[PDB]
Each structure stands twice: as C-alpha cells, then as structure tokens.
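One structure is given here, and the rest of the page talks about it.
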Amino acid sequence: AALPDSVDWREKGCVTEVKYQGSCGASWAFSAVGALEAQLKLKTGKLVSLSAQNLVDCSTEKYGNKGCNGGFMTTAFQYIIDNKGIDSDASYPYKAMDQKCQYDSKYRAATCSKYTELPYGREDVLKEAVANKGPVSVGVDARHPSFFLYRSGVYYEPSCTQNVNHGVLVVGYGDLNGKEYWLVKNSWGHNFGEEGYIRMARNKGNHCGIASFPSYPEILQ
Ligand SMILES: O=C(CO)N1CCc2c(c(-c3ccc(Cl)c(C#Cc4ccc(Cl)cc4)c3)nn2CCCN2CCOCC2)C1
C-alpha cells in the first residue's frame, strides 16, 4: 500500500462543473475534455471548461467517431494532438447536436501532447493513474434503469456488464461505510445522483466495466 486510501480531484480545483449532454450521445466528448481540463489546471493554474462540441463536430470519421451517435475518448485525444488544440467551451459552446466543424485556432484554450490507455480490467492500475496522474476517462455500462435512477450511495448493479457504452470521468476513489468506490463525474446535469456524480463499486470484478478502457491525456511543458 503506497497510494492514498482516498482521492478527490475536485478538492484541488481540477474539475469543472457537471454538464448536461441531453439527447445527444456526447458522453465520450465530455469524458475527454473533463480529463484534459484537469491537466490544463495542473499545468496553468487556470480551470477552464473545454469544448466537447468541438470534439462532436470535428473529431469525426477520420477518428472513428460519429458525434451524437458516439465515439471514443482515445481518438478524441488524437484529434486534439493532430489539430494542435481545442477551443474553450465558452468560445465553442455545447448545442447537443451535430454541426459543421467550426474550430478556430484564435480560441484555442488547451493542447494535447499525448495520451495513455490503461490495461483492460485492471483496477489497481486505474487507482494508480488516478492518484498519480489525475482524472481518468473511462467507459461504463450505463444501460440499466438503476443507473438512470441513481440518487446516492455506492452503486452496484448485479446484471451490469463489462461491455461499455457510456463515457464518464474518474475523479477519485475512496471507501464509504464499508464500501470502496470510484468517484465518477457524469454528464447528465446536477440533478443526476450526488450533484451530478455517481459513486460506483470498486474492486468488484471490473464492475460495470469501469476499468475496461481507461485513458488519460497529457500536456507537456
Ligand atoms: O466494451 C467493449 C468491449 O468490452 N467495447 C468494444 C471495444 C471498445 C469499446 C470502447 C469504448 C471505450 C469507451 C467508451 Cl465511452 C465507449 C463508448 C461509447 C459510446 C457509444 C455510444 C454513444 Cl451514443 C456514446 C458513447 C467505447 N473502446 N474499445 C476499444 C476500441 C477502440 N477503437 C480502436 C481504434 O479506433 C477507435 C475504436 C467498447
């Protein structure tokens, strides 16, 4: 045991406000910028919301992504590398639909040097990345009423699978009343769960596929 028993990156002012994706399946775009927003804060001291809409409109078919019909955080990061930047959310706000690409380099608020993917199903490796690097973009299996209806406590769904279909951000981990959890930031607004967060069962056999496809970006000096 060489890691903290608990982490929460919100407490270092590294997490932006919970967003609301609505009826556009842009959880992957929110997951991606969430993670890159923390690296930018660590780097620059400034906490700035980055443009998930930029990803939806611009990180498209060349990156295997389909906008509001889904995509991946790893290739969202590759776009941001290839494009040599991403706009701030305030210059390029979220509309919850597919649009023409309107990136403007004058409004670039972050960059990406590289990203790292973690091995599938490894909750000890995920825990290390979150303690030592920052918030980690993950997929979860969110296709269950109990997920949609989640209010509080440590989520555990018996019929949850490791096949992921929903992009979220791991911003911490800990133990609440006997139950180890990952602290997860969703993009369903503030009225979902614990002011927009869900604590999901940890060290429970890759529960809901939380450790199936982690990745995190880096901004180097
Ligand atoms: O789960 C498995 C196998 O166990 N999956 C099959 C294999 C897989 C899944 C996810 C993955 C990771 C994270 C997220 Cl977030 C998602 C998603 C999503 C999503 C879908 C629809 C909408 Cl509307 C929104 C989000 C998928 N990543 N991968 C790895 C494949 C990555 N690649 C290879 C390179 O080009 C892009 C696709 C899913």
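We number each residue from 1, following the sequence as shown. Order of listing sets the numbers, starting from 1, for every ligand and every atom in it.
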Exercise. Show your reasoning for whether salt bridge (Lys or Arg N to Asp or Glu O under 4.0 Å) applies to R143 and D141.
Key: CA-CA 6 Å; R143 293 179 177 169; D141 180 14; 5.4 Å; no

Quiz item: Yes or no on side-chain hydrogen bond (donor to acceptor under 3.5 Å, both in side chains) for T16 and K19, after CA distance, side-chain angles and deciding distance?
Solution: CA-CA 9 Å; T16 64; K19 315 295 198 287; 3.0 Å; yes

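At least one side-chain heavy atom of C68 sits under 4.5 Å from a side-chain heavy atom of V56. Side-chain contact between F147 and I198 is present, with heavy atoms from C-beta onward closer than 4.5 Å.
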Pairs under 3.5 angstrom, nitrogen or oxygen on both sides, ligand 1 versus protein: list them out, please.
residue	atom	partner	partner atom	Å
ligand 1	1 (O)	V164	N	2.9
ligand 1	4 (O)	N163	ND2	3.0

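Geometrically, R199 does not engage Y173 in a cation-pi contact defined by less than 6.0 Å to the ring centre and at most 45° from the axis.
For residues 143-221, the pairs satisfying disulfide bond (SG atoms under 2.5 Å apart) are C160-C208, with sequence neighbours left out.
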